[PDB]
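Step one of this worksheet: look at the structure below.
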Amino acid sequence: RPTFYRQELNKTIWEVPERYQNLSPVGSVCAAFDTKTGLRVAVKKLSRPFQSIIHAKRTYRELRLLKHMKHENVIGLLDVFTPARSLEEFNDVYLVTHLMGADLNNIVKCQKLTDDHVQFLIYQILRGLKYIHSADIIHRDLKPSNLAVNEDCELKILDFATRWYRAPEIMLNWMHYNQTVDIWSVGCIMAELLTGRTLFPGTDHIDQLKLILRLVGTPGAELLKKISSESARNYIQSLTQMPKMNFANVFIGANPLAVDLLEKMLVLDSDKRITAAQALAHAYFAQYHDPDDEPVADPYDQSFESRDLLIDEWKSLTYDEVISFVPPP
Ligand SMILES: Cc1ccc(NC(=O)c2ccc(CN3CCN(C)CC3)cc2)cc1Nc1nccc(-c2cccnc2)n1
Ligand SMILES: CCCCCCCCO[C@@H]1O[C@H](CO)[C@@H](O)[C@H](O)[C@H]1O
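Using PDB author numbering, the letters of the sequence shown correspond one by one to residues 5 to 31, 37 to 169, 184 to 352.
Okay, here's the thing in structure tokens:
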């Protein structure tokens, strides 16, 4: 067991192994210098991990999730620790990842992208997503500030305005969503990268749905067939502004294939939305698409998700996960 040390930061007690030095708060996440490796790291101290049942499950969910992600386009776990010598002391959890230089927002402000940047950047997201999706994990909150990019235009997916990127079925509250909610988002992100501006800058969610509907159009028979509620079906029709544009005239100076890919991602009907795996093979990624370098996830046991347990059991589960962690090489 390493030796620990205490520090008060922006009115909060951080205690970490001395391995991590020079903590400085970026937002409760500090940047720190991992002296084992000389690399800058990010340290998250989970707020009130075991305060309620809901908190306890999320603590656990995030640990499991971080312990599973092992792909170059997705954030991974360097370290997890607790200053606690035992289960009974266990009340803090800290997670460690690579520190990130920039997110997609920063890249946006700082340089105007080549077509070739947009291809390489979206390619990485999709390759990340084919790996998340293959584990039956749905991101749900893809947006530029959750995409980290280094100096070589390499990208990692993480999770820390969200709605600009949300699939419309989420904003119309179905209890059941599939993985292609994440593809809606990728298309919102791509569009932004090519156009320089936000595709649906909605003041509120109904504003969002309106902008969506005038660009992609009102749903086909085939999709109206799948909506059970008359109220829903009426409400949707109730938009209802100046018609399905052109789409292609919103992106006029862009690469014809980019625009084609975007047409297959920004499909109202999530049954018809292109998947990450299919999107990988779309001609717009001809420069990067390598079929033998696009791996899928190991089996991932999320039977815990359906489970309703006591704080202490969630706290115990989380403790086993902490104790059994194996650092990467
Ligand atoms: C230190 C840490 C601990 C945990 C996480 N967690 C995650 O990144 C994550 C990734 C994917 C998911 C996927 N997921 C599936 C289900 N749902 C609903 C969404 C979540 C969730 C959390 C990130 C980090 N890293 C992190 N977080 C925020 C900011 C920074 C950071 C800040 C500044 C400079 N460099 C890095 N670094
Ligand atoms: C206002 C524009 C939004 C129209 C409704 C979005 C259509 C979303 O698509 C729907 O996704 C569901 C969610 O899992 C699936 O069950 C349905 O099969 C699919 O058609």
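No residue lacks a Cβ here, since even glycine has one placed at the ideal position from N, Cα and C.
- Residue pairing by DSSP puts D88 in a beta bridge opposite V105.
- At the C-beta level, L104 and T341 stay beyond 8 Å of one another.
- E12: member of the beta strand (DSSP E) spanning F8 to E12, first to last residue.
- In this structure the stretch 220-238 does not lie against the stretch 125-140, because fewer than three pairs of beta carbons, one per stretch, are closer than 8 Å.
- Taking all protein chains shown into account, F169 has fewer than 16 neighbouring C-beta atoms within 10 Å of its C-beta and is therefore exposed.
- In this structure, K53 sits near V38, with a CB-CB distance shorter than 8 Å.
- Between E163 and the set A320, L222 and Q128, the nearest pair of CA atoms involves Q128.
- For the pair of segments examined, the stretch 140-154 was found to touch the stretch 205-213: the number of CB pairs separated by less than 8 Å reaches three.
- As the crow flies, the alpha-carbon of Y323 is around 12 Å from that of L75.
- DSSP places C119 inside the alpha helix (DSSP H), whose first and last residues are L113 to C119.
- Taking 4 residues as the minimum length, the alpha helix (DSSP H) runs contained wholly in the stretch 296-346 are 299-303 and 334-346, in order along the chain.
- Beta-bridge pairing by DSSP links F42 to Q25 and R49.
- Uninterrupted beta strand (DSSP E) stretches at least 3 residues long and entirely within the stretch 209-247 do not occur.
- CA-CA distance, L247 to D294, rounds to 12 Å.
- In chain order, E22 place their CB closer than 6 Å to the CB of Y9, counting only its own chain and leaving out the 5 sequence neighbours on each side.
- Three or more Cβ pairs drawn from the stretch 242-259 and the stretch 290-306 lie within less than 8 Å of each other, which places the two stretches in contact.
- No Cβ-Cβ contact shorter than 8 Å links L55 with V89.
- In the DSSP assignment, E19 is bridged to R10.
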